[PDB]
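The data below hold one chain only, encoded as structure tokens and taken in the form deposited in one PDB entry.
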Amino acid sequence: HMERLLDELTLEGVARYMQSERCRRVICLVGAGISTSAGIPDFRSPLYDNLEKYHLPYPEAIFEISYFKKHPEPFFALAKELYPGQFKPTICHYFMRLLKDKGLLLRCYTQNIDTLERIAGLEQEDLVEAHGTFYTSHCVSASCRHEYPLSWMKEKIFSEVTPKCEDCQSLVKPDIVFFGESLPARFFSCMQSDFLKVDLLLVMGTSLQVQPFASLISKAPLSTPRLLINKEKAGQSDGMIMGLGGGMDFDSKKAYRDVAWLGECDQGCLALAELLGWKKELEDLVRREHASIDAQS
């Protein structure tokens, strides 16, 4: 039987393992659930309605790069409607910032496009924005590719002026991955390397149903522990490679490394930080950084 790095399948067992010498390199996989406490909805059933007024040939047209390029106005009107009114990263995001500053964070793979990871102080090298990001935008012409910052894009969105490139007048598109586009190059380079070197996988606020995350959990070594912090269980499996070839196993007789902590991401992170002796550091970090944002309003 495989080496069992967790002494028990609980948050407590994960924390003891994190403090042990073996655990040096943590990868986080994070989705829309880490940003809902920041006032950014995750598009469960509570988006389709906002679409009707745009008179699309079909609803999925809003996500299609092909359709964007000929009829960009629906997308930019939606982006206005959905633009967050403020950008205060959550307790969960700051938990990741603690991981960075303690030298524990190998990588944050995020499905979010809201930039809160960066606002919380994760740097480009810490991040794989698996679904791209609003943080930058580019002219869509292959020979130009001029880059625009978020301040530029925001103004176009709020002014309701379709963003055109100042060099060539082609459309300028936010660097988010529309259906039709390839995942960022950065995604492919990092993943190979990262996932051999990982000691702990921390999966927060994702149902693990969309790409690329849905593959990623099985790329960790087989002994690497995997903690999910989420409102509901996710990533569970119902071929040749047997133990290599499915998902989370939290509840079977054979479960040996995967743990599900059910509830709000912020609360789960606060609970883990508390076990680790980091609760005051985290609370102090959040207060200071939220204050720093509030002082600029």
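The term rigid core refers to the most C-alpha atoms you can superpose between the two forms while keeping them within 1.5 Å. Just count from 1 along the sequence shown to find any residue number.
Relative to the shown model and aligned on the rigid core, the C-alphas in 9 other deposited structures of this protein deviate most, among 256 to 264 and 65 to 73, for 65 to 73. After superposing on the rigid core, the larger RMS C-alpha deviation in 9 other deposited structures of this protein belongs to 150 to 158, the other candidate being whichever of 108 to 116 and 150 to 158 remains. Checked against the other entries of this protein, residue 229 counts as resolved in every one of those spanning it, not missing from a third of them. Compared with the other entries of this protein, residue 244 is frequently left unbuilt, missing from a third or more of those that build its neighbours. Going from residue 46 to residue 47, the model skips 1 to 3 deposited residues, which lack coordinates.
Remark: stretch with higher mean C-alpha B factor among 1 to 9 and 287 to 295 is 1 to 9. The stretch 54 to 62 shows the higher mean C-alpha B-factor when 54 to 62 is compared against 24 to 32 in the entry. Based on the entry's C-alpha B-factors, the most elevated value among 90, 193, 170, 162 belongs to 193. In the PDB entry, the Cα temperature factor peaks, among 131, 156, 186, 107, at 186. In the PDB entry, a CA B factor belonging to the middle third of its chain's modelled residues is recorded for residue 258. Annotation for residue 138: CA B-factor lies in the lowest third of the chain's modelled residues. Remark: residue 80 belongs to the middle third of its chain, ranked by C-alpha B-factor as recorded. Per the deposited record, the Cα B-factor of residue 121 falls in the lowest third when ranked against the other modelled residues of its chain. In this PDB entry, residue 96 carries a Cα temperature factor that places it within the lowest third of its chain's modelled residues.
Missing here is the form deposited with a partner chain bound; even so, the following discussion is about that form.
Between the partner chain and the residues 144, 104, 190, 183, the one pair within 4.5 Å by heavy atoms in the deposited bound form involves 183. Of the residues 86, 124, 211, 162, just one reaches the partner chain in the deposited bound form with a heavy atom at 4.5 Å or closer; this is 211. Shown alone here, residue 231 lies farther than 4.5 Å from the partner chain in the deposited bound form, counting heavy atoms only.
Taking the partner from elsewhere, residue 135 is found to have every heavy atom lying beyond 4.5 Å of the partner chain in the deposited bound form. The partner chain in the deposited bound form comes within 4.5 Å of a heavy atom belonging to residue 177. In the deposited bound form, the partner chain lies farther than 4.5 Å from every heavy atom of residue 97. Judged by heavy atoms within 4.5 Å of the partner chain in the deposited bound form, the contact stretch among the candidates 86 to 94, 203 to 211, 67 to 75, 163 to 171 is 203 to 211.
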